[PDB]
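Every heavy atom of this structure was used, including side-chain atoms; hydrogens, water molecules and symmetry mates were not. First the proteins, then the strands, lettered A, B, ... as listed; each starts at 1.
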Amino acid sequence: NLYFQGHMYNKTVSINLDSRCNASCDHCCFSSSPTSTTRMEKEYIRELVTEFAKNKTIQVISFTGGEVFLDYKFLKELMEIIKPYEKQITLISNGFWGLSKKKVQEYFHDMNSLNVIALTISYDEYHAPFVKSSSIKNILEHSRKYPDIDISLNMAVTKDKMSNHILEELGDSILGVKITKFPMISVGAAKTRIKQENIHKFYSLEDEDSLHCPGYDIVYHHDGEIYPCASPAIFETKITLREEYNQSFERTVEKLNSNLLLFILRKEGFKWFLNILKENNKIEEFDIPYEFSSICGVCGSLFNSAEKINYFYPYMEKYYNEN
Amino acid sequence: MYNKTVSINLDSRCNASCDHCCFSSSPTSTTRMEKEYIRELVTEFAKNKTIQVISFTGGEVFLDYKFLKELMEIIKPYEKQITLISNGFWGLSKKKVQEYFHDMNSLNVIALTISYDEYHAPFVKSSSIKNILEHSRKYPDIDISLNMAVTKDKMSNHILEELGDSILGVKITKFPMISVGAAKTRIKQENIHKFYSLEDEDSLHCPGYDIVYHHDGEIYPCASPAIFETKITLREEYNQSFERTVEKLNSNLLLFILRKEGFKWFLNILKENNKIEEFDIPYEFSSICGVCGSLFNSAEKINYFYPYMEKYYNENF
Ligand SMILES: C[S@@+](CC[C@H](N)C(=O)[O-])C[C@H]1O[C@@H](n2cnc3c(N)ncnc32)[C@H](O)[C@@H]1O
Ligand SMILES: C[S@@+](CC[C@H](N)C(=O)[O-])C[C@H]1O[C@@H](n2cnc3c(N)ncnc32)[C@H](O)[C@@H]1O
Ligand code: SF4
Ligand code: SF4
Ligand code: SF4
Ligand code: SF4
């Protein structure tokens, strides 16, 4: 009462628990593998989760990696910290644990009792050498006993690997499951292990009309930085929200809401930045591609270096003085 | 409760004649409410202070696009959100796709569901679906879904491959058949997936009520294909207000018992009285809506539960 909308982006948060994974996908934006060492400390993650659970605005806490079910003991401990505070939880997994019917029974029982409202399973031709089809089927079939857990199947595809046979092999286990096939973002292992010809190109620089950011969503990443979104493309940029080791979530939200570059991006769209480079003939100097698989790819190539961000500084400063 | 969303089924007429159609829709379908009556309904829903979302279904709502746009423009000054479902026949022309997306975006259409599968395929070509899906990328505020109705013999595997990269970023859901309408007589029951049985207690719960003003002139408590073959209606008179429809839904004893006790309350009565075979309750079913449809698809069946529901009312409340 007597207050209008304050800060945005404070209802959800994501934590990337670790870069370690059982799989070594050739497209992995983080080049994840069993030998990946990039991660925040366990006690630091416990403090973060405790703070997010006690926070009055956060409604949803999401966990990602890496493979979050790889160290299940630690994942269940984090979920039990949240439990007395009744926050909703979302999980994403490669479903390696589907190989064991005992783990399938136990994990669904735990997710249901720990307020896990959504589980996304990632399966495609890039994941297929590391996880069997029957493991995915066991998870999808058992999810029918837990209708309150929203189940999704995310498939990362290329022109040569469209996952048509993968989806057929899953049989009727996909009935009622939301399936989304998405193109690659040229970051991490996809940059060097996938032919760029095989990456779908849906956007071009000439269609600035439809180039707007899908929306911010705070991520506390395994590199110890904080990002304004969960897109694979953002982790390659110099856009971070961390100023110190012990930063509060209220401070992260305040920084996101006062960041001038991100305010201009949300309000004016990508055309504001692209027209500044076109007007000053800098598209070739900054090696900005002409075609992209996603709007995030444009974002990635506009701010993936300090030279590029610093270039926009006088224009953003001029925008601030005018408005 | 249940007063934030409402659906209107505009007509049973369709350009398609799908073999699974829950309404047996076709170009020669004559069941519909009058246009002026629909205008009055839409005006009342637009002026209503609680309704946030108005959905349109059929039949094929884009078949008479002039009337659909007219209804959307009645809603426009009141700023309600709109959802649409279509077979995408209009996708044949990219210029027509550009026009309809421009209108949907300016008329607060927040979601568009496209239905395409092997049952829809003889009536709509693949390229028409692709044109709609590709152009939807320019309108990220419109939530795009592809819904595919499948059977064991028609799983839509080749249909999805033929769509190529037009499905990238689109939520796809394959769902089984409900044995109603044309699916009852044109599809072999062995081809209908059976996921649940009378013994799976965690599945015997209604997914939730959602008010539908249907093309038969009745009002239903949900949008499931199964409810339209039941005698569960919320209409008591021709000129009934939405406040009254909501009041009737919230005071309906059968629907209160169903939501609170689940389907096991009704099924145990029939098992205890040896009426499972008399009522033709299926042992196995593709979804819980299949049980709902078989419990309540006749006045005799509904009236059978009355003394038990009356006893429940006296014991509780
Ligand atoms: C990095 S994984 C982490 C969680 C878990 N290991 C999994 O695969 O679901 C998150 C999602 O991003 C997708 N992904 C990975 N690298 C990507 C890339 N270069 N471009 C687009 N999506 C990518 C994965 O396929 C997966 O669906
Ligand atoms: C009756 S249609 C009306 C809207 C539009 N003509 C369309 O096909 O999307 C609504 C949805 O119900 C589905 N449907 C029709 N008959 C069905 C049945 N017997 N069982 C399950 N779904 C059915 C259709 O495939 C479609 O996705
Ligand atoms: S995409 Fe997921 S499963 Fe594959 S390597 Fe990366 S983190 Fe592991
Ligand atoms: S456009 Fe940029 S900021 Fe927005 S979601 Fe994509 S990568 Fe993140
Ligand atoms: S399922 Fe939709 S397109 Fe097919 S006949 Fe029925 S109303 Fe028409
Ligand atoms: S269970 Fe019955 S009332 Fe509930 S959605 Fe299905 S048909 Fe409608």
Side-chain angles (χ1 to χ4, degrees), chain A residues 178 180 202-203 207-215 269 295, chain B residues 4-11 13-16 35 38-39 41-43 45-46 48 51-116 120 124-125 127-148 163 166-173 210 212-213 223:
Chain A
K178 295 184 306 308
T180 313
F202 296 124
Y203 305 91
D207 60 63
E208 284 167 349
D209 45 80
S210 15
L211 298 174
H212 290 259
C213 165
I295 295 164
Chain B
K4 292 173 164 47
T5 64
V6 67
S7 301
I8 309 184
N9 191 307
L10 300 177
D11 205 329
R13 197 164 53 91
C14 188
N15 51 293
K35 281 192 176 191
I38 293 169
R39 284 181 184 99
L41 282 181
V42 167
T43 308
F45 299 158
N48 185 278
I51 296 167
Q52 292 172 3
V53 193
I54 297 166
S55 292
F56 293 102
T57 187
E60 178 47 43
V61 307
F62 287 82
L63 197 46
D64 183 355
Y65 186 77
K66 180 166 287 288
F67 186 53
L68 177 64
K69 188 190 171 75
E70 186 203 338
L71 299 180
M72 292 194 288
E73 297 183 310
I74 286 168
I75 302 170
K76 183 60 177 170
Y78 302 92
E79 292 174 289
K80 302 306 179 69
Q81 296 172 316
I82 299 176
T83 83
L84 304 177
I85 180 157
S86 181
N87 66 25
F89 82 97
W90 47 275
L92 185 67
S93 164
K94 292 193 199 200
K95 177 177 178 182
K96 187 107 334 233
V97 169
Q98 294 167 2
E99 174 192 347
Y100 291 0
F101 271 94
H102 169 83
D103 294 344
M104 287 187 275
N105 186 65
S106 72
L107 291 166
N108 208 27
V109 167
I110 64 161
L112 171 64
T113 300
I114 300 295
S115 292
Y116 198 51
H120 285 82
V124 178
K125 76 185 298 234
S127 72
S128 304
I129 307 299
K130 292 169 55 69
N131 294 340
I132 294 171
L133 301 182
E134 284 176 7
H135 197 71
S136 71
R137 298 180 191 141
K138 302 176 181 305
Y139 295 88
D141 300 338
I142 300 174
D143 191 25
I144 304 293
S145 296
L146 182 63
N147 282 8
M148 322 187 81
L163 294 175
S166 69
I167 58 140
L168 295 201
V170 181
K171 297 184 305 307
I172 301 161
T173 312
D210 202 350
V212 178
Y213 281 63

Side chains of [X] and [Y], heavy atoms from C-beta outward: is any pair under 4.5 Å?
X	Y	result
B/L68	B/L84	yes
B/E70	B/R39	yes
B/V53	B/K80	no
A/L211	A/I295	yes
B/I75	B/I54	yes
B/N87	B/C14	yes
B/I110	B/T83	yes

| task | For B/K96, check salt bridge (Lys or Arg N to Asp or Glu O under 4.0 Å) against everything at least two apart and list the hits. | result |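 Once residues adjacent in sequence are excluded, the partners of B/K96 under the salt bridge (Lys or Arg N to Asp or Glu O under 4.0 Å) criterion are B/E99.
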| said: List the residues meeting salt bridge (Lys or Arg N to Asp or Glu O under 4.0 Å) with B/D103, not counting sequence neighbours, and say none if there are none. | reply: B/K69
Minimum heavy-atom separation for [X] to [Y], with atom names?
X	Y	result
B/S166	B/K130	OG-CG, 3.5 Å
B/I144	B/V170	O-CG1, 3.9 Å
B/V97	B/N131	CG1-O, 3.9 Å

| request: Please lay out, stage by stage, how B/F56 and B/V42 fare under the test side-chain contact (heavy atoms from CB on, under 4.5 Å). | output: CA-CA 10 Å; B/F56 293 102; B/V42 167; 4.0 Å; yes
| query | Taking it one step at a time, do B/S145 and B/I114 satisfy side-chain contact (heavy atoms from CB on, under 4.5 Å)? | reply | CA-CA 6 Å; B/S145 296; B/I114 300 295; over 6 Å; no
Keeping the roles fixed (side chain from [X], backbone from [Y]), state whether a donor-acceptor pair exists under 3.5 Å.
X	Y	result
A/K178	B/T173	no
B/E60	B/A16	no
B/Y116	B/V124	yes

| Under 6.0 Å from the six-membered ring centre of B/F67 and within 45° of its axis: does the NZ or CZ of B/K35 meet both? | yes
| Check against side-chain contact (heavy atoms from CB on, under 4.5 Å), B/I167 and B/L133 | CA-CA 7 Å; B/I167 58 140; B/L133 301 182; 3.9 Å; yes
| B/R13 and B/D64 ion-paired at < 4.0 Å | no
| said: Quick one about B/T5 and B/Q52 (side-chain donor to acceptor, distance below 3.5 Å, no hydrogens or angles considered), yes or no? | reply: no
| query | Hey, what's the ring geometry for B/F62 with B/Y65, parallel, tilted or perpendicular (30° and 60° as the breaks)? | reply | parallel
| B/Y139 and B/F101 aromatic ring geometry - parallel, tilted or perpendicular at 30°/60° bounds | parallel
Could you state the interatomic distance from [atom1] ([X]) to [atom2] ([Y]), rounded to the nearest 0.5 Å?
X	Y	atom1	atom2	answer
B/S136	B/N105	OG	CG	12.0 Å
B/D11	B/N9	CG	CG	8.0 Å
B/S106	B/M72	OG	CE	8.0 Å
B/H102	B/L107	NE2	CG	8.5 Å
B/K4	B/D210	NZ	CG	12.5 Å
B/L112	B/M104	CG	CE	5.0 Å

| field | All ring pair (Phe, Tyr, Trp, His ring centres under 6.0 Å) counterparts of B/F45, not counting sequence neighbours | value | B/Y213, B/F242
